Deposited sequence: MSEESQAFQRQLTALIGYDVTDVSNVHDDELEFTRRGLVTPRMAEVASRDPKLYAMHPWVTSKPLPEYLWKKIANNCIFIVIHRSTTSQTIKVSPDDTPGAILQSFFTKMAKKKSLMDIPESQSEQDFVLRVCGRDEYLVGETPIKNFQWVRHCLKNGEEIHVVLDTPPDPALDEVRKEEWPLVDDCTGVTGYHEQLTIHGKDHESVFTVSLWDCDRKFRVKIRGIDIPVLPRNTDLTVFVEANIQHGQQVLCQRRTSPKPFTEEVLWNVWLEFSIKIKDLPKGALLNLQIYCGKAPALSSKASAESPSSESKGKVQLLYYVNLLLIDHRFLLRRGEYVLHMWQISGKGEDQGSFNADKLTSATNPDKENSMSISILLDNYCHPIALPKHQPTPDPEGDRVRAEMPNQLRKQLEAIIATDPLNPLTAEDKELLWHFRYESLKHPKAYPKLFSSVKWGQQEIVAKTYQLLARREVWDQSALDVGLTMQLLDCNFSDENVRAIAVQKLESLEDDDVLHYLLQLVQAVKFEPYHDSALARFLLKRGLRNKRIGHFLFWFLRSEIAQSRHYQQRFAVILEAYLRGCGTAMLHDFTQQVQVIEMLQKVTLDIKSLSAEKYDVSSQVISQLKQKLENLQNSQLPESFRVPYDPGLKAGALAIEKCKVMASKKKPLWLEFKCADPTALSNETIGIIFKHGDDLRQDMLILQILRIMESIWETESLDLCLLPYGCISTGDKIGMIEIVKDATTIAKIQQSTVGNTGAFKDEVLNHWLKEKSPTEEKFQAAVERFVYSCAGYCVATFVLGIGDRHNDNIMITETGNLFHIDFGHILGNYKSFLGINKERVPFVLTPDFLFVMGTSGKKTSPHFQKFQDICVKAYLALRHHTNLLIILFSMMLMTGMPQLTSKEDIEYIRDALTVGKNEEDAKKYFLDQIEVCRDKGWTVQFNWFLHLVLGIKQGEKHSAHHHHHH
């Protein structure tokens, strides 16, 4: 192994944020085994991909152009403006024309083909045999009444993507020797015992406890715990979960390893402490802090492997229930007995597999037999909600999860991007490091630069702040980095250097000030100085914007930089675009913040993006504005600065605003004053109506509707939008001023208001057609992103919000009433936010 390669592993370690060659925290070889196992999948995808399309990563879709976008094209023509150094002729185009085709209606239309079309000021290319209406940039330009500006240039050299070459029927039992913790001191000396559970898909097959003993820094039971389950009956993927009750600490050990061998021998496991139901409780990793943590020693000495009319009605009823409906023992017995009928309803699959007795070898075998004749499933139309249901904490069986991944195989790149964060979060529910899901993400990321970019940041986000999963995600990220190509690698290196520098600055400045005071010139002077120093050497000529990889940021515009006045003291940075072909002088705004887990915001924003695509599948545009947000490290990251935007509170505050008085007409005035004409003003009011509806609906369903005015913004162009998603009542925010813009006051009516209620209802029922998708996303969001959330009651909110079980009439009713409540409450809740502080 050349000294060069060691230097390389060193480089990867600095991009990843973890050393995957570190063996300090392992009790076996699963991780190393996996690093090797992933070599094959990587090399296969790298060698399979087309160098040209890979270099230009065109962003395309197979979905049809929505109705609301055809409206802007009634002439069946689209104008593309090509530029190549001075003047620029604007080619008339047909929504069906191909990039190579408009190149024909050009050269000859003018009068050597080794050239390509690139969006101006972006690393974005319109290539491949795809209709121009199928390009995301084209649809983005239409939805925004913007012109499509392109530049003629030379295709990127695929050479630049070169990848470096690589080179017994007995019952199961376990002995609990004892537990050891360096220092126990809490308050009153209590007693302690160990609870050992055998689980599979978060289902306890068998449970045993030790006798209670006095809780001292070392407790020695030396006791055998014999379980009712036979060794032969242990399903692969089953965990021996060990817990300390006083619940203080937990830890897990996979009973059967990555080689199909029964675990055996002595183990001293460092446990995780509960912070006084969630994915962290399922980890096979042990606490990396060996110095201050509880440990438990154990010994293992135990290689393997026609329906009557009315009953059919019961079965179908069971199948129609929602993902969260509990399955009764009767239900499970039915689903199982009628196994073969059940297998004819893809939607029954999750309910059916939750009906399997996983602690019985014979039954599991019958199950694989069931999966053998999978014809109905394989030919079923892809249902993302259904596929995700089989990837959650409820299924630990490799094969069951594999058919889910099989269905994902059929997703187009545009959809993978929509679900990526949730798939990645779903890797936490995998019992082994090497899994079909992990390999699928690897594969899709290496196949496409955009998915790879995001995959990188999403993995890095978790590696930096999750002790429970950093090891696994690190192995996966490394596998990806070893295949993305030198170009991407150089880019990631730049992005990481930049954010690392800015992290230093952010922290230092937060120190030079109190917690809550204000922002003085001492602190601002210090900022501009520190930045001035970086601009010289430290901060690279350019770098890709992490939440918008097609955008290249150049030098900082130091005169415009500053520290924002908020509890936390985040930086307000602005950069020049490093692309001369850019169509404007507008800088690139980025907010840098330390002290908050931006992962929750990423999660919400991403679900918001999903809600948009769902509404798109229905021909609806609610004008949401899910700005870029990326967790880059522990409690720190970057956020996109939406241009020409203010807080609804700030609009209020600039006018008197003593103690938080509130006037209904302020908003309308602000909008009228920022509009150059009445035309632009009407457009602003309309957009406000649409965006208000979208955020009201989205926010009610996700159960985040009750927000303070300071957490909601609006663009000068009328787009309302929510922010700061980090962790008496009202369902959402629709205050009298919003109402005022709608032409109503004092519980009255109006054309825009009526239009609003219509949009809300259309939006709401449009989501109910996706009820399962939303429910499964909501619960995965809770399990992998929040603290220890009740696997029932917290999650049940969404079932109620989507009013599952009701017909259309009762739903509309429920929401309209919801709209009335905000009205009756007026300014009440908003007003309350100020007093709680006094």
| query | finding |
| --- | --- |
| Chain regions without C-alpha coordinates, deposited sequence numbering | 112-124, 181-214, 294-317, 348-354, 381-382, 386-403, 826-838, 950-966 |
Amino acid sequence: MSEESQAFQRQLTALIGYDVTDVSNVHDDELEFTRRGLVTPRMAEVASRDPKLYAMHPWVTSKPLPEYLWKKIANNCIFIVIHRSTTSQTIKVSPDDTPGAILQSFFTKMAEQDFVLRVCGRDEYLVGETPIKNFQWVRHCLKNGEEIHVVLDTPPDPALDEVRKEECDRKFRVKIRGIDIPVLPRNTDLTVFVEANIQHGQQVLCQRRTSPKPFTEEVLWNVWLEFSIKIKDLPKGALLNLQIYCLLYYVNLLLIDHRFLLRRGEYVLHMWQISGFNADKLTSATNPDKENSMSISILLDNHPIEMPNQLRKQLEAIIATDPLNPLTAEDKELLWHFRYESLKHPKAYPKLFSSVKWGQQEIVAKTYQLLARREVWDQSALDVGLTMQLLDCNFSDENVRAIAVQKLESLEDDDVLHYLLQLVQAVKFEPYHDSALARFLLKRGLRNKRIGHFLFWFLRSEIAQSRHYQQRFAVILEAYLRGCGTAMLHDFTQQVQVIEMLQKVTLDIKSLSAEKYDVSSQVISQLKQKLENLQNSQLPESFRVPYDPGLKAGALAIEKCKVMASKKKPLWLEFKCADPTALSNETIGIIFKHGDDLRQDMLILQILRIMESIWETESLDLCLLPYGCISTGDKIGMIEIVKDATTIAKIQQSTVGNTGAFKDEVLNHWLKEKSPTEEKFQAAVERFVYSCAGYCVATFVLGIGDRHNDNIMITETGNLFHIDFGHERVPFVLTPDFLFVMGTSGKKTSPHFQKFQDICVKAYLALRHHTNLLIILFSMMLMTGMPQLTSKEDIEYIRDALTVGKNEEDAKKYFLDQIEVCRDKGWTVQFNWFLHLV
From here on, numbers count along this sequence of modelled residues.
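Between two forms, the rigid core is defined as the largest C-alpha subset superposing within 1.5 Å.
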| property | result |
| --- | --- |
| Which of 708-716 and 212-220 strays further in 8 other deposited structures of this protein - Cα RMS after rigid core alignment | 212-220 |
| Stretch with larger C-alpha RMS deviation in 8 other deposited structures of this protein, core superposed, 74-82 versus 493-501 | 74-82 |
| Flanks modelled, residue 167 absent in at least a third of other entries | yes |
| Residue 185 left out of the model in a third or more of other PDB entries | yes |
| Of 443-451 and 711-719, the one with larger mean CA B-factor | 711-719 |
| Selected stretch [higher average CA B-factor]: 593-601 or 333-341 | 593-601 |
| Candidate set 724, 378, 166, 548 [ranked by C-alpha B-factor, highest] | 166 |
| Residue with maximal Cα B-factor (values as given in the PDB entry) among 584, 199, 367, 613 | 584 |
| Residue 187, C-alpha B-factor rank within chain (lowest, middle or highest third) | highest |
| Residue 485 - Cα temperature factor, lowest/middle/highest third of chain | middle |
| Entry-reported Cα temperature factor of residue 769, expressed as the chain third it lands in | middle |
| Chain third (lowest, middle, highest) by recorded CA B-factor, residue given as residue 265 | middle |
| Residue 492 by Cα B-factor - lowest, middle or highest third of the modelled chain | lowest |
